[PDB]
Amino acid sequence: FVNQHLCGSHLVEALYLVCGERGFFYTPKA
Amino acid sequence: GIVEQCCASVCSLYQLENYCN
């Protein structure tokens with residue numbers, strides 16, 4: 001699921017699945 | 001940043017994990 005173009009909700013879903021209980025930061029302008 | 005690396009171009013686990021806390 002990760003080795004593709006991931007945009008928008010699809011990118012946040014991949015971060016969610018990969019990062020698990022760590023959580024993540026989603027910074028689309030930085 | 002993430003959009004350039006994973007949306008405009010093909011993402012990687014290696015790069016996603018850099019955004020994990």
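Contact map, segment A:1-23: first residue over 13 Å from B:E17 (Cα atoms), second residue surrounded by 12 or more Cβ atoms within 10 Å (Cβ to Cβ) and basic (K, R), Cβ cut-off under 9 Å, separation 6 or more or different chains; the map is empty. Each residue in segment B:1-11 was checked for being touching a helix residue (DSSP H, G or I) at 6+ places or on another chain (Cβ under 8 Å) and either closer than 9 Å to A:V2 by Cβ or aliphatic (A, V, I, L, M) (or both), and 4 of them qualify.
Looking only at residues in chain A that are assigned to a helix (DSSP H, G or I) and touching a strand residue (DSSP E or B) at 6+ places or on another chain (Cβ under 9 Å), the one that is surrounded by the most Cβ atoms within 10 Å (Cβ to Cβ) is A:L15.
Taking each residue of segment B:1-17 that is more than 7 Å from every other protein chain (Cβ to nearest Cβ) and touching a residue at least 12 places away in the same chain (Cβ under 8 Å) and looking for partners that are assigned to a loop (DSSP other than H, G, I, E, B) and surrounded by fewer than 12 Cβ atoms within 10 Å (Cβ to Cβ) with beta-carbon atoms closer than 8 Å, six or more apart or interchain, yields nothing.
Positions of Cβ are backbone-derived with ideal geometry, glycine not excepted, and every protein chain shown enters the neighbour counts. A short reminder: the numbers here are calculations on the coordinates, not readings from a lab.
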